[PDB]
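Quick notes on the structure that follows.
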Amino acid sequence: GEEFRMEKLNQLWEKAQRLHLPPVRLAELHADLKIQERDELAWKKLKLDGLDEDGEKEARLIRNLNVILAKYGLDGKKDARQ
């Protein structure tokens, strides 16, 4: 039930709100995140129904998430540990 049903998206969403992005720019990253959510969820359903056996459709998606983050400029990776 969380905004989306994919941990990656939820995790990223919580992160954005953490950056506190205004609604407008948050609709941009939230909306796109959703679009990617329709394709990402359609993916979780892909790998579930057995449509992509190598997860490429996940690849393109991930590359679309990566880009999404490189687009808003909210990537990073050296978190948690420090």
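Chain lettering (A, B, ...) mirrors the order of the structure tokens, residue numbering begins at 1 for each chain separately, and ligand numbering begins at 1 in order of display.
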
Find the residues near residue 43 in chain A: any atom within 9 Å, counting only C-alpha atoms, skip ones fewer than 6 places away on the same chain, and give them as an NGL selection string.
:A and (37 or 51-52 or 55 or 57-58 or 61)

Pick from A:21, A:33, A:48, A:9: nearest to residue 68 in chain A, with only C-alpha atoms counted?
A:33

Can I get the residues of range 10-62 of chain A within 10 Å of range 69-82 of chain A, each with the closest pair of atoms and their distance in Å to one decimal, using only C-alpha atoms, sorted chain first then ascending number, as a tab-separated table?
```
residue	atom	partner	partner_atom	distance
A:12	CA	A:74	CA	9.1
A:15	CA	A:74	CA	8.8
A:16	CA	A:74	CA	7.9
A:19	CA	A:74	CA	8.9
A:25	CA	A:72	CA	9.1
A:28	CA	A:72	CA	9.1
A:29	CA	A:72	CA	7.3
A:33	CA	A:69	CA	9.6
```

DSSP on the backbone: which residues in chain A end up as alpha helix (DSSP H)? Give the answer as a PyMOL selection string.
chain A and resi 7-19+23-49+56-72

Among the residues A:6, A:64, A:14, A:1, the one that comes closest to residue 36 in chain A [using only C-alpha atoms]:
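Looking at the shortest contact to residue 36 in chain A, the residue is A:64.
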
Do you have the CA of residue 3 in chain A-CA of residue 50 in chain A distance handy?
25.1 Å

Selection: 10 Å around residue 8 in chain A, only C-alpha atoms, excl. self and same-chain fewer than 2 positions, as a PyMOL selection string
chain A and resi 4-6+10-13+37+40+62+65

Selection from above, N, CA, C and O atoms, as a PDB file, in the first residue's frame, can you write it?
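Wrote selection25.pdb, looks like this:
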```
ATOM      1  N   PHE A   4       3.956   3.452  -3.603  1.00  0.00           N
ATOM      2  CA  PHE A   4       4.136   2.407  -4.657  1.00  0.00           C
ATOM      3  C   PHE A   4       4.192   1.045  -3.971  1.00  0.00           C
ATOM      4  O   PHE A   4       3.865   0.924  -2.808  1.00  0.00           O
ATOM      5  N   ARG A   5       4.613   0.016  -4.652  1.00  0.00           N
ATOM      6  CA  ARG A   5       4.691  -1.318  -3.997  1.00  0.00           C
ATOM      7  C   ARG A   5       6.110  -1.850  -4.178  1.00  0.00           C
ATOM      8  O   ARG A   5       6.428  -2.964  -3.814  1.00  0.00           O
ATOM      9  N   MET A   6       6.964  -1.039  -4.735  1.00  0.00           N
ATOM     10  CA  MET A   6       8.377  -1.455  -4.949  1.00  0.00           C
ATOM     11  C   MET A   6       9.250  -0.795  -3.884  1.00  0.00           C
ATOM     12  O   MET A   6       9.189   0.399  -3.674  1.00  0.00           O
ATOM     13  N   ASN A  10       9.685   3.263  -3.097  1.00  0.00           N
ATOM     14  CA  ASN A  10       9.365   3.787  -1.738  1.00  0.00           C
ATOM     15  C   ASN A  10      10.638   4.405  -1.163  1.00  0.00           C
ATOM     16  O   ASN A  10      10.689   5.570  -0.822  1.00  0.00           O
ATOM     17  N   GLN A  11      11.662   3.614  -1.062  1.00  0.00           N
ATOM     18  CA  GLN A  11      12.949   4.119  -0.517  1.00  0.00           C
ATOM     19  C   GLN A  11      13.276   5.460  -1.171  1.00  0.00           C
ATOM     20  O   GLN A  11      13.537   6.445  -0.504  1.00  0.00           O
ATOM     21  N   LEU A  12      13.277   5.508  -2.477  1.00  0.00           N
ATOM     22  CA  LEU A  12      13.603   6.783  -3.180  1.00  0.00           C
ATOM     23  C   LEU A  12      12.602   7.874  -2.801  1.00  0.00           C
ATOM     24  O   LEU A  12      12.978   8.987  -2.493  1.00  0.00           O
ATOM     25  N   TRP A  13      11.332   7.575  -2.813  1.00  0.00           N
ATOM     26  CA  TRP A  13      10.309   8.589  -2.451  1.00  0.00           C
ATOM     27  C   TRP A  13      10.645   9.155  -1.076  1.00  0.00           C
ATOM     28  O   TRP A  13      10.901  10.337  -0.916  1.00  0.00           O
ATOM     29  N   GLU A  37       6.999   3.862 -12.034  1.00  0.00           N
ATOM     30  CA  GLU A  37       6.332   2.861 -11.151  1.00  0.00           C
ATOM     31  C   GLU A  37       5.399   1.993 -11.995  1.00  0.00           C
ATOM     32  O   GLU A  37       5.249   0.818 -11.751  1.00  0.00           O
ATOM     33  N   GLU A  40       7.878  -0.101 -13.644  1.00  0.00           N
ATOM     34  CA  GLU A  40       8.593  -0.927 -12.637  1.00  0.00           C
ATOM     35  C   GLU A  40       7.625  -1.964 -12.102  1.00  0.00           C
ATOM     36  O   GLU A  40       7.913  -3.140 -12.073  1.00  0.00           O
ATOM     37  N   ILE A  62      15.728   0.258 -14.564  1.00  0.00           N
ATOM     38  CA  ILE A  62      16.807   0.728 -13.647  1.00  0.00           C
ATOM     39  C   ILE A  62      17.566   1.870 -14.306  1.00  0.00           C
ATOM     40  O   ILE A  62      17.831   2.882 -13.703  1.00  0.00           O
ATOM     41  N   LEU A  65      15.621   4.699 -13.925  1.00  0.00           N
ATOM     42  CA  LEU A  65      15.590   5.202 -12.529  1.00  0.00           C
ATOM     43  C   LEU A  65      16.886   5.972 -12.364  1.00  0.00           C
ATOM     44  O   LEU A  65      16.909   7.138 -12.030  1.00  0.00           O
TER      45      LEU A  65
END
```

Interatomic distance, CA of residue 41 in chain A to CA of residue 7 in chain A (Å, one decimal)
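CA of residue 7 in chain A lies at a distance of 10.7 Å from CA of residue 41 in chain A.
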
What's the separation between CA of residue 32 in chain A and CA of residue 67 in chain A, in Å to one decimal place?
11.1 Å

One residue among A:53, A:27, A:20, A:59 is nearest to residue 39 in chain A when using only C-alpha atoms, and that residue is A:59
